[PDB]
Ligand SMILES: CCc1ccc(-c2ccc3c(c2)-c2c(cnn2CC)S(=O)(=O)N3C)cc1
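Take a look at this one chain, the form deposited without this ligand, written out in structure tokens.
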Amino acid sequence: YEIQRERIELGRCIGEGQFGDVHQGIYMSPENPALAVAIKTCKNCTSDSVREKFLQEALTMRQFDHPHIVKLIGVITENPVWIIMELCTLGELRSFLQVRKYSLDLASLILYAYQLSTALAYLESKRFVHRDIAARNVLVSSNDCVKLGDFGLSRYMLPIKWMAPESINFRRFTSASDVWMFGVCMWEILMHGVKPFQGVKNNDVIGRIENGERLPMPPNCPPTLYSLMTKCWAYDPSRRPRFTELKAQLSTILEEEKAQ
């Protein structure tokens, strides 16, 4: 898991994290072809507390092995401390959707929702609660492949417009509150990267949700898919489906779209 710094060709900065800049780059793997990687850097990792907190983000990702969750490639524990992650070449999902808009067929938008449900069903199997499921934290590996981005790099692991009522009211975060967030993420995909409750103040969102109001059916969204979103948005968390159920229904919805 230790990587030697001379085996890294550092490229363009692709974002800013809590500990430092994130770069795109190449990892010259021994006896293998070079890999496209994402480099999480750390500015203040000279302090033992900062370094321990930063390296804990790599340990979090190390425990996951799923094709739709970014992989930890390795770490560089010499100063400056770097975390080497798998690169998703095409970048952030919200930007990809805004550029490609209706040129992305429905079969592709449903495929993205399905792929995310397989990663979230995998996290659920390992009893891990994400807390920040949103299109902002999804990345694009290729035209037919999306992935959950780095967990440390995710800002809220307050996004009130994505949160379940029990998370807003009592700060309760469970796999059921992740399902509510995933429903909002599915809505964002079908809306081509448009943010939920745009132009609505965060305090009024809570009132609307309690009153039974939900995000509208996106244009050209299959009714079976909008029905699946409304099940994620059941006020009572015990009435919301689990990720394995969402995965099965999304698979059926994807097959039906491919048929026509």
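Here, rigid core means the biggest group of C-alpha atoms that superpose within 1.5 Å across both forms. In this text, residue numbers run from 1 along the sequence as written.
If you look for the form deposited with this ligand bound, you will not find it shown, but the lines that follow are about it.
Backbone and C-beta atoms of the displayed form come within 2.4 Å of three or more atoms of this ligand after its pose in the deposited complex is superimposed, which defines the site as blocked. Although this ligand is omitted here, in the deposited complex none of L111, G193 and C221 has a heavy atom within 4.5 Å of it. Heavy atoms within 4.5 Å of this ligand in the deposited complex map, among the stretches 103-111, 165-173, 124-132, 74-82, onto 124-132 alone. Among the residues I69, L228, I209, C42, the one placing a heavy atom within 4.5 Å of this ligand in the deposited complex is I69. Here is the short version: of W233, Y27, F64, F197, the single residue with a heavy atom within 4.5 Å of this ligand in the deposited complex is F64. Though the partner is left out of this view, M181 does reach within 4.5 Å of this ligand in the deposited complex, counting heavy atoms only. At the 4.5 Å threshold, heavy atoms of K161 stay clear of this ligand in the deposited complex, well away from it. When this ligand is considered in the deposited complex, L148 lines it closely, a heavy atom lying within 4.5 Å. Proximity of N137 to this ligand in the deposited complex falls within the 4.5 Å heavy atom cutoff. Only one entry in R131, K71, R94, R100 has its C-alpha moved by 2 angstroms or more between the shown form and the other one when the rigid core is superposed, and that entry is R131. After superposing the rigid core, the Cα of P241 is displaced by less than 2 Å between the shown form and the other one.
The two forms, fitted on the rigid core, differ between the shown form and the other one by less than 2 Å at the CA of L228. When the rigid core is held fixed, the Cα atom of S251 travels less than 2 angstroms between the shown form and the other one.
Relative to what is shown, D132 and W82 are closer in the deposited complex; their C-alpha atoms differ in spacing by at least 3 Å. Between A135 and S142, the C-alpha separation grows by 3 Å or more in the deposited complex, relative to the conformation displayed.
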